[PDB]
Amino acid sequence: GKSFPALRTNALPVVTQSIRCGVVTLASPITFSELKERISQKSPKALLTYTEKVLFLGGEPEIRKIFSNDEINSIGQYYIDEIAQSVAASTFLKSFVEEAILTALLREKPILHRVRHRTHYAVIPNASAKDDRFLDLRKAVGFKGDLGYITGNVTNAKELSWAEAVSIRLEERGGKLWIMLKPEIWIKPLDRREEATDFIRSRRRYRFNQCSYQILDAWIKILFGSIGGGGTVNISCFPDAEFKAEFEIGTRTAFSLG
Amino acid sequence: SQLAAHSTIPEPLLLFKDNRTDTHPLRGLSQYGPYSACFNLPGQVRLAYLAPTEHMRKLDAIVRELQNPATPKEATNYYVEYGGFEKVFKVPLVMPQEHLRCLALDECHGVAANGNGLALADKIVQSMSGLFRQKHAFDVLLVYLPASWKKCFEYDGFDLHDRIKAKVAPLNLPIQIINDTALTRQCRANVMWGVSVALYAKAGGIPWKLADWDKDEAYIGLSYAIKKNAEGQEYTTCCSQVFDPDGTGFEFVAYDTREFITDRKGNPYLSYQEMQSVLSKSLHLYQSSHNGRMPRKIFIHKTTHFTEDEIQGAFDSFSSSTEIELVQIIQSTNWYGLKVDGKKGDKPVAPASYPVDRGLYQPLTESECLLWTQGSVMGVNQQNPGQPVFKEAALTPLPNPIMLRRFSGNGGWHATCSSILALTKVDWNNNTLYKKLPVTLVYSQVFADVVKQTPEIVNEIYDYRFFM
DNA sequence: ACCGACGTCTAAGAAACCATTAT
Ligand SMILES: [Mg+2]
């Protein structure tokens, strides 16, 4: 970088290079569909995946709730060194790392977690719309210096609801892991999103460079707690659990000069 | 959190009459004139009509509007005043006589009511039969499709536009289809500009071309179309090529990639033999159009990634002295960017009012780059001379970049970005400033759809004038 | 008995339909 103007992206660097998880050795072979069915039925407080053995992050009691003592031959530790290469090579590992990072990010915060098209979203709750941590986002979505609403009802809709949201994605590029943020509008229920296309277009019509920059800054501050500090924020997934994931994510979005 | 230094490609310059340059295509046409006006080809643009009895007044009205000046009403920051066909294109627009205006058969209405699209296309081509003997009396033929036929326009497995174009392709008859969209749009200047440029191009003229363009480089694009039937699905995967000849001119052709008919593929990716055959055809075309010389460097653009067989076939198809650059264009990406301005006196560093400039490219990895084919362009605004213009302002709050993946080549990103940006501005069918994708991909996709509709028009090379 | 059939998970796009028109 040598000179202005600068290009401010929406990618947040990830500094953590190694993660430590748990392995569940099973006496009987298990498929991904069976694991998903057991997860749905028992609803554990943990994150699980299956590349060649069951890889889990969280507490052992949750896994022992999913699998009986007879099925669990042993529980061990797996070191995913060079997390960028593992994410690039293994798709299941990529999904697992994305889920772990987002679970760490949205922990102990008043932000809902939602899934659409296998893409993760962070949604502002209706009850917590007036809280002070969202004042900057209210200002960003406002018009002519007036405070704007970040949650409401879709106009000319029977029971449709809308809220401000950001899409969080994990991306690997040349041995580097990036957390990708894109502001969006969440429409509840999900299956009726086609009924609010006009509302979404009207709300997003005048979100030009300045407004988008302000919205991105507000979302970064909401998700991480600090903005423009030049430092990194440490987020932990299941901190009390024996098998936990700790990530170091920079708070300054990737930029370029020249 | 600091990426590699980015660079901005200067906006491509378009060549007009008397070798004059201008970034704005419509403004350049208005002030200087079309590139082919110096060559007196075409000397005139004669028109023909193909519409029912009840709708020939609409064709007369649109031709009269084309012959008369119009003022912009929407997007005034970009569109310039239309001064009529003769004033802008320096050639007259001759209205057809009674023998050059044709009548749609009455069976067309019944066929459209019955929903048979293929019968409708057959009836239209049979109606236009009388003009085959008088092809010498006119240049471009106009088709009006009434809204009463809308049920036969596009349903599962049919495209009336593609079928009609494929049927008129081997007859060497350029056509221009007019619907109710062109007649009931508020901005008459936009429609007039688009239709006039299309008619001038289809008459045999070159509205504009790139200014600093190398004649030793050839550009190839591959795109695929999917047709689904009871047994399964088949892929068309047509091809396109862009280059100018040794003399003055501009070459834009598309051809099917199937070496033989009755060849069915289930994936867009080609094999070693198929790629070799297609690239041999491209090399033969270039050699024919360049007095038997070989291109010094070859560009191949694809929508999907390059397999090892494709790369090997490409490297074995050309000689050792020809440089080969394989680039994959990814339209959908997770990256988006915000423009931040520097300090200007007392004003601190703040985000810009207008988005990132068109032409900025950000090298991400050793093989991938982010190219901004959509963005703000300076020097094209008509209302405020110093204000940037963002073409997709009514559709996208912010531009969305495209990603380029390098599969072969030792050169830098500058040449590839310059080539793609330059090729995004030569779409004569497009009346706006630029296209998101290079024109090679657009033409390959259009020809893929046309071949998908009618597979009997393959194995013949066709010009862009018959499918735009 | 080595390969097929079929589930999971990404990345990327085509194919029908709707929509609006450039701070
Ligand atoms: Mg056209």
Side-chain angles (χ1 to χ4, degrees), chain A residues 30-37 39 48-52 87-99 117-119 143 169-172 194-202 204-212, chain B residues 72-79 150 153-159 181 185-187 189-191 223-228 233-237 267-269 302-305 328-334 352-355 374-377 380-384 387-399 402-403 405 431-434 437 441 445 448-449 452:
Chain A
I30 180 138
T31 59
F32 214 125
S33 317
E34 198 78 16
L35 189 48
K36 294 262 296 322
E37 194 130 60
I39 282 198
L48 290 119
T49 174
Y50 176 53
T51 86
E52 57 201 335
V87 154
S90 169
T91 278
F92 311 103
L93 277 203
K94 160 142 186 338
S95 148
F96 189 55
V97 169
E98 169 155 285
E99 202 75 65
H117 198 204
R118 305 161 155 299
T119 289
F143 268 157
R169 277 202 190 76
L170 188 67
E171 181 143 353
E172 169 298 325
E194 27 172 46
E195 301 194 35
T197 281
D198 301 344
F199 183 86
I200 296 166
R201 207 201 38 250
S202 302
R204 270 169 83 270
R205 205 184 173 316
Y206 307 110
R207 291 200 179 165
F208 294 127
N209 198 162
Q210 263 160 355
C211 181
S212 279
Chain B
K73 197 158 325 313
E74 298 185 349
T76 326
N77 45 318
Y78 175 76
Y79 289 119
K150 218 217 179 152
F153 279 22
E154 263 184 277
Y155 57 57
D156 179 31
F158 186 62
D159 197 320
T181 302
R185 251 219 90 181
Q186 306 299 12
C187 193
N190 195 0
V191 182
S223 325
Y224 63 94
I226 325 181
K227 173 184 206 7
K228 68 158 38 43
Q233 339 194 338
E234 40 190 355
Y235 282 70
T236 296
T237 165
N267 56 350
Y269 317 94
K302 276 192 40 153
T303 278
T304 43
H305 67 90
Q328 166 192 8
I329 303 197
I330 315 152
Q331 316 169 30
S332 100
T333 194
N334 295 335
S353 60
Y354 268 95
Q374 290 187 346
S376 58
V377 184
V380 311
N381 203 324
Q382 304 309 298
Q383 294 183 276
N384 310 10
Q387 213 201 171
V389 160
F390 180 42
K391 180 179 94 43
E392 294 104 358
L395 286 181
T396 36
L398 272 187
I402 69 162
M403 191 167 295
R405 180 132 57 218
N431 50 332
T432 52
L433 189 70
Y434 52 82
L437 281 184
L441 294 189
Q445 246 285 318
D449 281 56
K452 171 183 76 158

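All chains are named by letter (A, B, ...) in the order of the sequence lines, taking the proteins before the strands, and each is independently numbered beginning at 1. Reckoned from all heavy atoms, side chains included, excluding hydrogens, waters and symmetry mates.
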Protein-nucleotides 20-23 of chain C N/O pairs closer than 3.5 Å?
unit_1 : atom_1 : unit_2   : atom_2 : d
C/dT21 : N3     : B/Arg185 : NH1    : 3.4
C/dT21 : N3     : B/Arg185 : NH2    : 3.1
C/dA22 : OP2    : B/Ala75  : N      : 3.0
C/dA22 : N6     : B/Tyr79  : OH     : 3.4
C/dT23 : OP2    : B/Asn77  : ND2    : 3.4
C/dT23 : OP2    : B/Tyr354 : OH     : 3.2
C/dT23 : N3     : B/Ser353 : O      : 3.0
C/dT23 : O4     : B/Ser353 : O      : 3.3

| request: Determine, for B/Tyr434 and B/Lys391, whether the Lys NZ or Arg CZ falls below 6.0 Å from the six-membered ring centre while staying within 45 degrees of the axis. | output: yes
Can you find a pair of side-chain heavy atoms, one from [X] and one from [Y], that are under 4.5 Å apart?
X	Y	answer
B/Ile330	B/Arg405	yes
B/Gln331	B/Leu437	yes
B/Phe390	B/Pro399	yes
B/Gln387	B/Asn77	no
A/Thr119	A/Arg169	yes
B/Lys73	B/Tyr79	no
A/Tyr50	A/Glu34	no

Let me know the distance between [atom1] of [X] and [atom2] of [N], rounded to the nearest Å.
X	N	atom1	atom2	value
B/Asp449	C/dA15	CG	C1'	9 Å
B/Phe153	C/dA16	CZ	P	16 Å
B/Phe158	C/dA16	CZ	P	12 Å
B/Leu441	C/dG13	CG	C1'	12 Å
B/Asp156	C/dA14	CG	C1'	14 Å
A/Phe199	C/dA19	CZ	P	18 Å
B/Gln233	C/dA14	CD	P	14 Å

Students should be able to answer this: classify the pucker of [N] from the sign of its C1'-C2'-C3'-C4' torsion, north or south.
N	value
C/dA19	north
C/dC17	south
C/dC6	south

Which atoms of nucleotides 2-6 of chain C (N or O only) lie under 3.5 Å from a protein N or O atom, and what are those distances?
none

| query | Which atom pair, heavy atoms only, marks the closest approach of B/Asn381 to B/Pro388? | reply | ND2-O, 3.9 Å
| field | Pairwise 5' ranking along DNA chain C for B/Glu154 and A/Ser33, keeping only the more 5' one | value | A/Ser33
| query | B/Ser376 side chain to B/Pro355 main-chain N or O, any donor-acceptor pair under 3.5 Å? | reply | yes
| said: Given 3.5 Å as the limit, does a donor-acceptor pair link the side chain of B/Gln382 with the main chain of B/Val380, or not? | reply: yes
| At under 4.0 Å between heavy atoms, what does B/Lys227 touch on the DNA or RNA strands: base, sugar-phosphate, or nothing? | nothing
| message | For A/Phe92 together with A/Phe32, are the ring centres under 6.0 Å from each other? | response | yes
Quick test: give all pairs of protein nitrogen or oxygen and nucleotides 9-12 of chain C nitrogen or oxygen below 3.5 Å, distance rounded to 0.1 Å.
unit_1 : atom_1 : unit_2   : atom_2 : d
C/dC9  : OP1    : A/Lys36  : NZ     : 3.3
C/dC9  : OP2    : A/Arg118 : NH2    : 2.6
C/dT10 : OP2    : A/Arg118 : NH1    : 3.2

